[PDB]
Amino acid sequence: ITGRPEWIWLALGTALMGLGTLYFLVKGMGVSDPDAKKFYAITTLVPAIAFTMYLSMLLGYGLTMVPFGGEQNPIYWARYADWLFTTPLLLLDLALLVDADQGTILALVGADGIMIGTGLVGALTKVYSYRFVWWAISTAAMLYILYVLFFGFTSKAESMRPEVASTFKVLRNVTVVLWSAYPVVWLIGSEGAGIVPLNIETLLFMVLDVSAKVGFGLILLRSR
Amino acid sequence: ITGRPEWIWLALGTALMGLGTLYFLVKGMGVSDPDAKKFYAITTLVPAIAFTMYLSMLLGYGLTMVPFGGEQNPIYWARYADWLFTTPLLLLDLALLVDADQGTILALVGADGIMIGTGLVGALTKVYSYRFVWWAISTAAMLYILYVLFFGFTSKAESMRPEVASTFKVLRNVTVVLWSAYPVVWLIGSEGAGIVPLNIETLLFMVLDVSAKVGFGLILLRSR
Amino acid sequence: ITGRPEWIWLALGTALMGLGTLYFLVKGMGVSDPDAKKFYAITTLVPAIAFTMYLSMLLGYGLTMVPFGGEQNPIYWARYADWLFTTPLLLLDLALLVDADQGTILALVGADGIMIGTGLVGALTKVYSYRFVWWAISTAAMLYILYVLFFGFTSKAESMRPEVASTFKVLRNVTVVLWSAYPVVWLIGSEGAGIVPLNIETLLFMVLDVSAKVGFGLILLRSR
Ligand SMILES: *C/C=C(C)/C=C/C=C(C)/C=C/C1=C(C)CCCC1(C)C
Ligand SMILES: *C/C=C(C)/C=C/C=C(C)/C=C/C1=C(C)CCCC1(C)C
Ligand SMILES: *C/C=C(C)/C=C/C=C(C)/C=C/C1=C(C)CCCC1(C)C
């Protein structure tokens, strides 16, 4: 509803983000190869930070009251804090893996940058119609990322060790399906056009969350 | 006045930032040399981001009401968001071009960092007299950048290919004149001591804007 | 009390941060070795930025009124702005010195990132009990940094020139004692459980401040 009905999923989300955190920490202990160590460090802040956000979200600090088209709607801007950080870090996990030219890395981060950032302003507009105007400009941002990811990073990927190629594909396909889920979820949800209730919203991004970060966590890190 | 008289220039500014964006995007398509690709990626986020800011500025989100010395004055803090990002990216375009030692790059970004950042606090102070105290400290910041730019980057520049040297000078001279324009513009303007009206302010930074980013865009990117 | 009793220490803190700034600036003038230049640039933004924060803190902008457990308490969020920037830069001074693998650098910055960041949310919670919940999670963050600093960076350090080893130890030991002081100071202080008055708080972080940045300034920079 606005800080009480989904206290559950939230709690559930904190337990999951942080468990995943304690796990990695107690899994990179060994690590000799500095090369892989990178992946580790990265593939760990993500859950950690993710944990801090899902925690303030539960306790309260998370939400805020954005006024749009009639009544006062809930907006865990706390998410965006997270996504603003995680999402880049993730891309790097990808670029870094498939050794991408800094050129594309850079354009890729900034692409994501404008995406999430704008996703925030979207979920912070008072004028009801404008909310979607950013939704638009933002998606355009994502379709960009996914494009120059599923095209390039595929090629370069599939031009080295069989290890990389395959693994890349794993995450790559997941990332695409997973990620894409958002625009819609956001939409049907209370942050955009309120179709489903917050009882849902929370739980949707909740699953997409633990799966994208810890999914991409076990999946990635547990590969050569 | 405060969101209505300059709706024009604003609209005009959005059309220009974004047009420049679509242009680059459809101009880096080819690009084989990863070296130059860097320039591209960079020389593109700038307009893009620039576009997003000038857009929220028009629709509304842009402005805010800062209270100083009597009445309530307008402050498109939205600009600063932009400048906070563009300006560094630009410097990198410069440093990167004239292959500058990370040492100076770093000190240069942070120099700009303190500049824009402080330019914000300046344009956010309630006590009328203090506004200028930051104006001061801030300018000091710029004079720093321009100094260690027009001095160093000139030398190193003029010690390679005739291409670089000349091009550097192009942008370098523009950057200096252009950039400098601000301190004054800001001043005469409503964000500092209100001399000219917002009918102007907007339109001034508007021109200095499209010219600095897209100016530096065509100018730069269209060179070897 | 809340912007008047400690106007002193504050003023004193500004004078010190900025003096240290003018000093470095007029001490890196020479510098031929690009390698060391890095240290310089870094070891300078720190004081500079530090100066800007301690200045807005004195003039006013600094503080804010956070409501927790009864009455309205003061919170120079301005600090956190500072620490959020300085602290990383410092670590880099360390990592960079003892040539640490980017892997650890990265995990180290993000470690600090979550630390300060969370230290803020801590000092921004309304519910009195939660304030300490972040205090906890945050410290955990620091103990992390100090751990993987006093362990690793020691080893790698002590495996090169006698210069480095010794110097590292200097700063390293200082950093540890100094840094640690905070959690407690914060605690006994008004930002956490209000034991001592703001007459103190200010002056404590004031000393720990000028000593950590300018301490680590002269100490570091004045070594081979
Ligand atoms: C851990 C979090 C992850 C992997 C988040 C991914 C998020 C997105 C792809 C979000 C996309 C959005 C839009 C395309 C439109 C505006 C709203 C957003 C930010 C939810
Ligand atoms: C695309 C935007 C560009 C190139 C902006 C450049 C802006 C400046 C050089 C701004 C300077 C300012 C001061 C020197 C004093 C405080 C106010 C500012 C931020 C307008
Ligand atoms: C120039 C500033 C420096 C070196 C600051 C260092 C600050 C810390 C180690 C702060 C630590 C904190 C906690 C461990 C708990 C939450 C409160 C903080 C941010 C004061």
# chains A, B, ... in the order shown; residues from 1 in each chain; ligands from 1
$ select_by_dssp --residues "stretch 31-72 of chain C" --states "strand (DSSP E)" --output "count of residues only"
4
$ select_by_dssp --residues "stretch 12-129 of chain B" --states "helix (DSSP H, G or I)" --output "number ranges by chain"
B: 12-25, 34-59, 77-97, 102-122, 128-129
$ closest_residue --among "C:188, C:58, C:65, C:195" --to "residue C:6" --atoms "only C-alpha atoms"
C:58
$ interface_residues --of "chain C" --to "chain A" --cutoff "9 Å" --atoms "only C-alpha atoms" --output "list in words"
residues 101, 102, 103, 104, 105, 106, 107, 108, 110, 111, 114, 118, 121, 124, 125, 126, 130 and 137 of chain C
$ residues_near_ligand --ligand "ligand 3" --cutoff "8 Å" --atoms "only C-alpha atoms and all ligand atoms" --output "compact mmCIF listing (two decimals) with C-alpha atoms, in the first residue's frame"
# COMPACT_ATOMS: atom_id res chain seq x y z
CA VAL C 46 41.48 16.46 -1.07
CA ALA C 50 37.85 19.70 2.10
CA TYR C 80 29.65 13.59 4.31
CA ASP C 82 33.51 15.94 1.85
CA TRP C 83 34.31 12.46 3.24
CA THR C 86 38.18 12.81 0.19
CA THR C 87 38.15 9.32 1.67
CA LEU C 90 42.95 9.08 0.07
CA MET C 115 30.73 3.09 4.27
CA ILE C 116 30.39 6.86 3.96
CA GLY C 117 27.19 6.61 1.97
CA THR C 118 25.61 4.52 4.68
CA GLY C 119 27.11 6.76 7.30
CA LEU C 120 24.96 9.43 5.75
CA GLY C 122 22.59 6.68 9.31
CA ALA C 123 22.82 10.39 10.11
CA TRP C 134 23.32 1.78 9.85
CA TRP C 135 26.09 2.73 12.29
CA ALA C 136 26.56 -1.02 12.53
CA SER C 138 28.66 0.97 8.14
CA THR C 139 31.38 0.14 10.66
CA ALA C 140 31.32 -3.36 9.26
CA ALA C 141 32.21 -1.54 6.04
CA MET C 142 35.18 0.23 7.61
CA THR C 175 45.17 6.24 8.83
CA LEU C 178 42.90 8.41 12.97
CA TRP C 179 40.09 6.84 10.97
CA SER C 180 38.97 4.49 13.75
CA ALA C 181 38.49 7.53 16.00
CA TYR C 182 35.35 8.36 14.04
CA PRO C 183 32.88 5.58 14.82
CA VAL C 185 33.35 10.23 17.98
CA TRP C 186 30.27 10.00 15.78
CA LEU C 187 28.63 7.88 18.46
CA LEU C 208 40.67 14.51 13.20
CA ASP C 209 40.08 16.34 9.90
CA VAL C 210 42.98 18.74 9.49
CA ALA C 212 44.00 13.20 8.53
CA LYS C 213 44.09 15.27 5.27
$ calpha_fit_and_write --fixed "chain B" --moving "chain A" --output "PDB file with C-alpha atoms, in the first residue's frame"
ATOM      1  CA  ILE A   1       9.820  35.122 -15.935  1.00  0.00           C
ATOM      2  CA  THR A   2       9.789  31.698 -14.274  1.00  0.00           C
ATOM      3  CA  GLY A   3       8.779  28.927 -16.677  1.00  0.00           C
ATOM      4  CA  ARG A   4       6.732  30.722 -19.341  1.00  0.00           C
ATOM      5  CA  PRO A   5       8.490  33.595 -21.181  1.00  0.00           C
ATOM      6  CA  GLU A   6      11.508  31.523 -22.311  1.00  0.00           C
ATOM      7  CA  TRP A   7       9.565  28.365 -23.105  1.00  0.00           C
ATOM      8  CA  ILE A   8      10.800  29.294 -26.584  1.00  0.00           C
ATOM      9  CA  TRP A   9      14.591  29.368 -26.354  1.00  0.00           C
ATOM     10  CA  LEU A  10      14.197  26.267 -24.139  1.00  0.00           C
ATOM     11  CA  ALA A  11      12.253  24.397 -26.849  1.00  0.00           C
ATOM     12  CA  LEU A  12      14.825  25.712 -29.322  1.00  0.00           C
ATOM     13  CA  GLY A  13      17.609  24.414 -27.107  1.00  0.00           C
ATOM     14  CA  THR A  14      16.085  20.963 -26.845  1.00  0.00           C
ATOM     15  CA  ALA A  15      15.661  20.733 -30.626  1.00  0.00           C
ATOM     16  CA  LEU A  16      19.303  21.644 -31.107  1.00  0.00           C
ATOM     17  CA  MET A  17      20.893  19.383 -28.417  1.00  0.00           C
ATOM     18  CA  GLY A  18      18.933  16.353 -29.590  1.00  0.00           C
ATOM     19  CA  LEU A  19      19.387  17.014 -33.287  1.00  0.00           C
ATOM     20  CA  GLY A  20      23.128  17.094 -32.669  1.00  0.00           C
ATOM     21  CA  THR A  21      22.703  13.826 -30.814  1.00  0.00           C
ATOM     22  CA  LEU A  22      20.910  11.987 -33.603  1.00  0.00           C
ATOM     23  CA  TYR A  23      23.598  13.310 -35.936  1.00  0.00           C
ATOM     24  CA  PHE A  24      26.625  11.909 -34.132  1.00  0.00           C
ATOM     25  CA  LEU A  25      24.909   8.606 -33.497  1.00  0.00           C
ATOM     26  CA  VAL A  26      24.421   8.426 -37.268  1.00  0.00           C
ATOM     27  CA  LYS A  27      28.049   9.391 -37.908  1.00  0.00           C
ATOM     28  CA  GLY A  28      30.036   7.051 -35.697  1.00  0.00           C
ATOM     29  CA  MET A  29      28.299   4.066 -37.250  1.00  0.00           C
ATOM     30  CA  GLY A  30      31.353   3.359 -39.392  1.00  0.00           C
ATOM     31  CA  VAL A  31      34.348   4.078 -37.159  1.00  0.00           C
ATOM     32  CA  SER A  32      36.978   1.301 -37.345  1.00  0.00           C
ATOM     33  CA  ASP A  33      39.807   2.921 -35.382  1.00  0.00           C
ATOM     34  CA  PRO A  34      39.142   2.180 -31.691  1.00  0.00           C
ATOM     35  CA  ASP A  35      41.405   5.107 -30.835  1.00  0.00           C
ATOM     36  CA  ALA A  36      39.030   7.664 -32.360  1.00  0.00           C
ATOM     37  CA  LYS A  37      35.964   5.713 -31.262  1.00  0.00           C
ATOM     38  CA  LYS A  38      36.769   7.024 -27.782  1.00  0.00           C
ATOM     39  CA  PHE A  39      36.342  10.610 -28.923  1.00  0.00           C
ATOM     40  CA  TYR A  40      33.066   9.611 -30.500  1.00  0.00           C
ATOM     41  CA  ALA A  41      31.466   7.887 -27.481  1.00  0.00           C
ATOM     42  CA  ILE A  42      32.448  10.883 -25.355  1.00  0.00           C
ATOM     43  CA  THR A  43      31.663  13.552 -27.896  1.00  0.00           C
ATOM     44  CA  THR A  44      28.190  12.036 -27.957  1.00  0.00           C
ATOM     45  CA  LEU A  45      27.073  11.472 -24.370  1.00  0.00           C
ATOM     46  CA  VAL A  46      27.659  15.200 -23.996  1.00  0.00           C
ATOM     47  CA  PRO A  47      24.997  16.258 -26.431  1.00  0.00           C
ATOM     48  CA  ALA A  48      22.661  13.419 -25.312  1.00  0.00           C
ATOM     49  CA  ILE A  49      22.832  14.266 -21.650  1.00  0.00           C
ATOM     50  CA  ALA A  50      22.707  17.917 -22.625  1.00  0.00           C
ATOM     51  CA  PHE A  51      19.437  17.069 -24.393  1.00  0.00           C
ATOM     52  CA  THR A  52      17.864  15.464 -21.338  1.00  0.00           C
ATOM     53  CA  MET A  53      18.599  18.461 -19.205  1.00  0.00           C
ATOM     54  CA  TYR A  54      17.317  21.077 -21.645  1.00  0.00           C
ATOM     55  CA  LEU A  55      14.194  18.945 -21.955  1.00  0.00           C
ATOM     56  CA  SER A  56      13.262  18.719 -18.264  1.00  0.00           C
ATOM     57  CA  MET A  57      14.094  22.403 -18.128  1.00  0.00           C
ATOM     58  CA  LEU A  58      11.399  23.171 -20.684  1.00  0.00           C
ATOM     59  CA  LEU A  59       8.696  20.858 -19.358  1.00  0.00           C
ATOM     60  CA  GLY A  60       9.133  22.202 -15.845  1.00  0.00           C
ATOM     61  CA  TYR A  61      11.224  19.928 -13.582  1.00  0.00           C
ATOM     62  CA  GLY A  62      14.144  22.145 -14.549  1.00  0.00           C
ATOM     63  CA  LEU A  63      13.655  25.238 -12.384  1.00  0.00           C
ATOM     64  CA  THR A  64      13.347  25.765  -8.647  1.00  0.00           C
ATOM     65  CA  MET A  65      12.732  28.809  -6.414  1.00  0.00           C
ATOM     66  CA  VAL A  66      15.820  30.030  -4.536  1.00  0.00           C
ATOM     67  CA  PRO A  67      15.142  32.802  -1.932  1.00  0.00           C
ATOM     68  CA  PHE A  68      17.793  35.559  -1.917  1.00  0.00           C
ATOM     69  CA  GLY A  69      17.857  39.245  -0.934  1.00  0.00           C
ATOM     70  CA  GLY A  70      14.141  40.019  -0.975  1.00  0.00           C
ATOM     71  CA  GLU A  71      12.167  37.961  -3.503  1.00  0.00           C
ATOM     72  CA  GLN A  72      12.058  34.409  -4.942  1.00  0.00           C
ATOM     73  CA  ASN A  73      14.458  33.879  -7.845  1.00  0.00           C
ATOM     74  CA  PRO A  74      14.494  31.130 -10.537  1.00  0.00           C
ATOM     75  CA  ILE A  75      17.382  28.627 -10.773  1.00  0.00           C
ATOM     76  CA  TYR A  76      17.393  25.929 -13.443  1.00  0.00           C
ATOM     77  CA  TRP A  77      19.545  23.724 -11.240  1.00  0.00           C
ATOM     78  CA  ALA A  78      18.963  21.424 -14.235  1.00  0.00           C
ATOM     79  CA  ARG A  79      21.792  23.259 -15.964  1.00  0.00           C
ATOM     80  CA  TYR A  80      24.287  22.363 -13.288  1.00  0.00           C
ATOM     81  CA  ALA A  81      23.244  18.748 -13.549  1.00  0.00           C
ATOM     82  CA  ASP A  82      24.246  19.015 -17.206  1.00  0.00           C
ATOM     83  CA  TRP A  83      27.460  21.072 -16.822  1.00  0.00           C
ATOM     84  CA  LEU A  84      28.460  18.823 -13.929  1.00  0.00           C
ATOM     85  CA  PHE A  85      28.600  16.014 -16.487  1.00  0.00           C
ATOM     86  CA  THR A  86      29.294  17.615 -19.842  1.00  0.00           C
ATOM     87  CA  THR A  87      32.150  19.858 -18.726  1.00  0.00           C
ATOM     88  CA  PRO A  88      34.256  16.986 -17.444  1.00  0.00           C
ATOM     89  CA  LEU A  89      33.582  14.865 -20.509  1.00  0.00           C
ATOM     90  CA  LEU A  90      34.664  17.837 -22.625  1.00  0.00           C
ATOM     91  CA  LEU A  91      37.960  18.294 -20.771  1.00  0.00           C
ATOM     92  CA  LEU A  92      38.634  14.614 -21.369  1.00  0.00           C
ATOM     93  CA  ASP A  93      37.989  15.225 -25.043  1.00  0.00           C
ATOM     94  CA  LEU A  94      40.788  17.799 -24.719  1.00  0.00           C
ATOM     95  CA  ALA A  95      43.186  15.944 -22.430  1.00  0.00           C
ATOM     96  CA  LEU A  96      42.596  12.699 -24.344  1.00  0.00           C
ATOM     97  CA  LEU A  97      43.248  14.419 -27.642  1.00  0.00           C
ATOM     98  CA  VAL A  98      46.491  16.059 -26.570  1.00  0.00           C
ATOM     99  CA  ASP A  99      47.429  12.861 -24.747  1.00  0.00           C
ATOM    100  CA  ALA A 100      47.797  14.496 -21.279  1.00  0.00           C
ATOM    101  CA  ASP A 101      49.348  12.687 -18.303  1.00  0.00           C
ATOM    102  CA  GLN A 102      46.570  11.235 -16.117  1.00  0.00           C
ATOM    103  CA  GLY A 103      48.096  13.344 -13.373  1.00  0.00           C
ATOM    104  CA  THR A 104      46.900  16.561 -14.960  1.00  0.00           C
ATOM    105  CA  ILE A 105      43.710  14.944 -16.253  1.00  0.00           C
ATOM    106  CA  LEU A 106      42.775  14.018 -12.692  1.00  0.00           C
ATOM    107  CA  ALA A 107      43.659  17.398 -11.209  1.00  0.00           C
ATOM    108  CA  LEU A 108      41.833  18.945 -14.139  1.00  0.00           C
ATOM    109  CA  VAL A 109      38.596  17.055 -13.635  1.00  0.00           C
ATOM    110  CA  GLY A 110      38.601  17.727  -9.905  1.00  0.00           C
ATOM    111  CA  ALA A 111      39.378  21.346 -10.702  1.00  0.00           C
ATOM    112  CA  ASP A 112      36.265  21.467 -12.868  1.00  0.00           C
ATOM    113  CA  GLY A 113      34.516  19.363 -10.276  1.00  0.00           C
ATOM    114  CA  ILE A 114      34.985  21.967  -7.564  1.00  0.00           C
ATOM    115  CA  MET A 115      34.106  24.623 -10.116  1.00  0.00           C
ATOM    116  CA  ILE A 116      30.650  23.487 -11.232  1.00  0.00           C
ATOM    117  CA  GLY A 117      29.841  21.977  -7.873  1.00  0.00           C
ATOM    118  CA  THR A 118      30.586  25.250  -6.159  1.00  0.00           C
ATOM    119  CA  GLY A 119      28.802  27.098  -8.907  1.00  0.00           C
ATOM    120  CA  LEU A 120      25.756  25.227  -7.721  1.00  0.00           C
ATOM    121  CA  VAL A 121      26.087  26.046  -4.018  1.00  0.00           C
ATOM    122  CA  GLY A 122      26.619  29.563  -5.207  1.00  0.00           C
ATOM    123  CA  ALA A 123      23.286  29.457  -7.028  1.00  0.00           C
ATOM    124  CA  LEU A 124      21.635  27.907  -3.965  1.00  0.00           C
ATOM    125  CA  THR A 125      22.675  30.254  -1.130  1.00  0.00           C
ATOM    126  CA  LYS A 126      19.932  32.206   0.731  1.00  0.00           C
ATOM    127  CA  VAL A 127      22.178  34.926   2.192  1.00  0.00           C
ATOM    128  CA  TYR A 128      22.589  37.363  -0.706  1.00  0.00           C
ATOM    129  CA  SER A 129      26.230  38.299  -0.021  1.00  0.00           C
ATOM    130  CA  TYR A 130      27.522  34.736   0.177  1.00  0.00           C
ATOM    131  CA  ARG A 131      26.298  33.905  -3.341  1.00  0.00           C
ATOM    132  CA  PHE A 132      29.226  35.957  -4.643  1.00  0.00           C
ATOM    133  CA  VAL A 133      31.658  34.410  -2.201  1.00  0.00           C
ATOM    134  CA  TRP A 134      31.201  31.130  -4.037  1.00  0.00           C
ATOM    135  CA  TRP A 135      31.131  32.965  -7.372  1.00  0.00           C
ATOM    136  CA  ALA A 136      34.629  34.015  -6.367  1.00  0.00           C
ATOM    137  CA  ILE A 137      36.022  30.695  -5.133  1.00  0.00           C
ATOM    138  CA  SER A 138      34.473  29.072  -8.183  1.00  0.00           C
ATOM    139  CA  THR A 139      35.960  31.405 -10.786  1.00  0.00           C
ATOM    140  CA  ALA A 140      39.281  30.866  -9.085  1.00  0.00           C
ATOM    141  CA  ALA A 141      38.561  27.234  -9.965  1.00  0.00           C
ATOM    142  CA  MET A 142      37.993  28.020 -13.645  1.00  0.00           C
ATOM    143  CA  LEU A 143      40.933  30.376 -14.023  1.00  0.00           C
ATOM    144  CA  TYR A 144      42.809  27.355 -12.765  1.00  0.00           C
ATOM    145  CA  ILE A 145      41.531  25.024 -15.447  1.00  0.00           C
ATOM    146  CA  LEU A 146      42.009  27.530 -18.274  1.00  0.00           C
ATOM    147  CA  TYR A 147      45.495  28.279 -16.974  1.00  0.00           C
ATOM    148  CA  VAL A 148      46.803  24.707 -16.845  1.00  0.00           C
ATOM    149  CA  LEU A 149      45.104  24.134 -20.204  1.00  0.00           C
ATOM    150  CA  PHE A 150      46.254  27.095 -22.275  1.00  0.00           C
ATOM    151  CA  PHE A 151      49.740  26.532 -20.926  1.00  0.00           C
ATOM    152  CA  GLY A 152      50.411  22.819 -20.740  1.00  0.00           C
ATOM    153  CA  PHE A 153      48.090  21.235 -23.304  1.00  0.00           C
ATOM    154  CA  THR A 154      49.457  23.810 -25.734  1.00  0.00           C
ATOM    155  CA  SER A 155      53.056  22.688 -25.332  1.00  0.00           C
ATOM    156  CA  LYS A 156      52.446  18.921 -25.413  1.00  0.00           C
ATOM    157  CA  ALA A 157      49.956  19.514 -28.224  1.00  0.00           C
ATOM    158  CA  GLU A 158      52.490  21.368 -30.319  1.00  0.00           C
ATOM    159  CA  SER A 159      54.971  18.446 -30.257  1.00  0.00           C
ATOM    160  CA  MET A 160      53.330  15.731 -32.409  1.00  0.00           C
ATOM    161  CA  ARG A 161      51.389  15.780 -35.699  1.00  0.00           C
ATOM    162  CA  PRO A 162      50.449  19.068 -37.412  1.00  0.00           C
ATOM    163  CA  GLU A 163      46.881  17.719 -37.285  1.00  0.00           C
ATOM    164  CA  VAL A 164      46.611  17.701 -33.514  1.00  0.00           C
ATOM    165  CA  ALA A 165      48.393  20.996 -32.865  1.00  0.00           C
ATOM    166  CA  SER A 166      46.116  22.968 -35.175  1.00  0.00           C
ATOM    167  CA  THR A 167      42.894  21.226 -34.108  1.00  0.00           C
ATOM    168  CA  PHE A 168      43.752  21.553 -30.435  1.00  0.00           C
ATOM    169  CA  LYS A 169      44.190  25.290 -30.959  1.00  0.00           C
ATOM    170  CA  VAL A 170      40.805  25.482 -32.668  1.00  0.00           C
ATOM    171  CA  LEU A 171      38.837  24.025 -29.751  1.00  0.00           C
ATOM    172  CA  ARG A 172      41.256  25.464 -27.173  1.00  0.00           C
ATOM    173  CA  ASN A 173      40.636  29.040 -28.271  1.00  0.00           C
ATOM    174  CA  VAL A 174      36.923  28.439 -28.599  1.00  0.00           C
ATOM    175  CA  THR A 175      36.703  26.723 -25.219  1.00  0.00           C
ATOM    176  CA  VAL A 176      38.469  29.721 -23.612  1.00  0.00           C
ATOM    177  CA  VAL A 177      36.337  32.465 -25.109  1.00  0.00           C
ATOM    178  CA  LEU A 178      33.123  30.472 -24.841  1.00  0.00           C
ATOM    179  CA  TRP A 179      33.660  29.207 -21.307  1.00  0.00           C
ATOM    180  CA  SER A 180      34.811  32.564 -19.927  1.00  0.00           C
ATOM    181  CA  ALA A 181      31.541  34.085 -21.128  1.00  0.00           C
ATOM    182  CA  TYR A 182      29.780  32.346 -18.249  1.00  0.00           C
ATOM    183  CA  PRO A 183      31.078  34.016 -15.087  1.00  0.00           C
ATOM    184  CA  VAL A 184      29.861  37.282 -16.545  1.00  0.00           C
ATOM    185  CA  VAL A 185      26.623  35.950 -17.962  1.00  0.00           C
ATOM    186  CA  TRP A 186      25.871  34.212 -14.678  1.00  0.00           C
ATOM    187  CA  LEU A 187      26.626  37.474 -12.893  1.00  0.00           C
ATOM    188  CA  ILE A 188      24.626  40.013 -14.894  1.00  0.00           C
ATOM    189  CA  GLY A 189      21.924  37.333 -14.813  1.00  0.00           C
ATOM    190  CA  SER A 190      19.176  36.341 -12.387  1.00  0.00           C
ATOM    191  CA  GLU A 191      21.171  33.448 -10.821  1.00  0.00           C
ATOM    192  CA  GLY A 192      23.557  36.027  -9.385  1.00  0.00           C
ATOM    193  CA  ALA A 193      22.928  39.781  -9.292  1.00  0.00           C
ATOM    194  CA  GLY A 194      19.667  40.265 -11.194  1.00  0.00           C
ATOM    195  CA  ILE A 195      20.477  42.820 -13.896  1.00  0.00           C
ATOM    196  CA  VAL A 196      18.988  41.366 -17.046  1.00  0.00           C
ATOM    197  CA  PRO A 197      15.683  39.396 -16.845  1.00  0.00           C
ATOM    198  CA  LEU A 198      15.186  35.632 -17.255  1.00  0.00           C
ATOM    199  CA  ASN A 199      13.933  36.411 -20.760  1.00  0.00           C
ATOM    200  CA  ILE A 200      17.654  36.813 -21.413  1.00  0.00           C
ATOM    201  CA  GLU A 201      19.512  34.470 -19.045  1.00  0.00           C
ATOM    202  CA  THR A 202      17.932  31.413 -20.670  1.00  0.00           C
ATOM    203  CA  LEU A 203      18.751  32.636 -24.219  1.00  0.00           C
ATOM    204  CA  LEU A 204      22.328  33.545 -23.309  1.00  0.00           C
ATOM    205  CA  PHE A 205      23.315  30.204 -21.782  1.00  0.00           C
ATOM    206  CA  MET A 206      21.212  28.768 -24.613  1.00  0.00           C
ATOM    207  CA  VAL A 207      23.532  30.068 -27.305  1.00  0.00           C
ATOM    208  CA  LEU A 208      26.714  29.536 -25.288  1.00  0.00           C
ATOM    209  CA  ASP A 209      25.379  25.988 -24.834  1.00  0.00           C
ATOM    210  CA  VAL A 210      24.541  24.724 -28.299  1.00  0.00           C
ATOM    211  CA  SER A 211      27.729  26.405 -29.464  1.00  0.00           C
ATOM    212  CA  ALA A 212      30.061  24.958 -26.854  1.00  0.00           C
ATOM    213  CA  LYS A 213      28.793  21.319 -27.110  1.00  0.00           C
ATOM    214  CA  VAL A 214      27.643  21.037 -30.732  1.00  0.00           C
ATOM    215  CA  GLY A 215      30.148  23.658 -31.704  1.00  0.00           C
ATOM    216  CA  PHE A 216      32.910  21.641 -30.098  1.00  0.00           C
ATOM    217  CA  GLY A 217      31.073  18.696 -31.603  1.00  0.00           C
ATOM    218  CA  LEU A 218      31.259  19.355 -35.325  1.00  0.00           C
ATOM    219  CA  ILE A 219      34.516  21.162 -34.898  1.00  0.00           C
ATOM    220  CA  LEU A 220      36.194  18.344 -33.055  1.00  0.00           C
ATOM    221  CA  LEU A 221      34.761  15.095 -34.438  1.00  0.00           C
ATOM    222  CA  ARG A 222      35.057  16.304 -38.077  1.00  0.00           C
ATOM    223  CA  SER A 223      38.869  16.380 -37.840  1.00  0.00           C
ATOM    224  CA  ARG A 224      41.599  13.756 -38.324  1.00  0.00           C
TER     225      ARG A 224
END
